[PDB]
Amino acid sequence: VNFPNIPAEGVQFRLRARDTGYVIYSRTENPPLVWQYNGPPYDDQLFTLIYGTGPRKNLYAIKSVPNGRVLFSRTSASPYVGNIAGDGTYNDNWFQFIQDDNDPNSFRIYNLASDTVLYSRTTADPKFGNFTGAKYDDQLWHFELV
């Protein structure tokens, strides 16, 4: 089931993991360019959504406010999670927000092209990344409105 409370197109938000409380950031310089962060609000944590239409209905591109790059999540090459210029040129730029089976207020950030979800953990490296497989709580996210 698609998450019922997806931010309106163009509305700004942070993506915060339910369990770690870490936020995603997306920047242009200094690897890792997309990663997680525990600390104060910065502009590279701000995103908006481009709403997919036609064949991309129910999918969304996640665009970074300061730099305008969209997120990707792939299994084909490293880095697996990153950003790229444009408004969603590549199929791996398109995400579905899938409501959790148990928790109605959180969702998985799912990539149809790569069959992956994003995760945030405090355990082992890599502490942020993507994953194809079973459902774990560390894959659960909130939209944090600003």
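Note that residue numbering begins at 1 and tracks the sequence as displayed.
Check the entry's C-alpha temperature factors for 105 to 113 and 75 to 83, then say which stretch has the higher mean. Looking at the recorded C-alpha B-factors, 75 to 83 comes out higher on average.
Comparing average C-alpha B factors as deposited, tell me which of 115 to 123 and 91 to 99 sits higher. Mean CA B-factor is higher for 115 to 123.
Residue 34's Cα B-factor: lowest, middle or highest third of the chain? Residue 34: CA B-factor falls in the middle third of its chain.
Based on the entry's values, in what third of the chain does the Cα temperature factor of residue 6 lie: lowest, middle or highest? For residue 6, whose C-alpha B-factor we compare with every modelled residue in the chain, the answer is the middle third.
Please place residue 58 in the lowest, middle or highest third of its chain by C-alpha B factor as given in the entry. Ranked within chain, residue 58 CA B lands in the lowest tercile.
Would you please rank residue 46 by its C-alpha temperature factor against the other modelled residues of its chain and give the third it falls in: lowest, middle or highest? Tercile = middle for this residue's CA B-factor.
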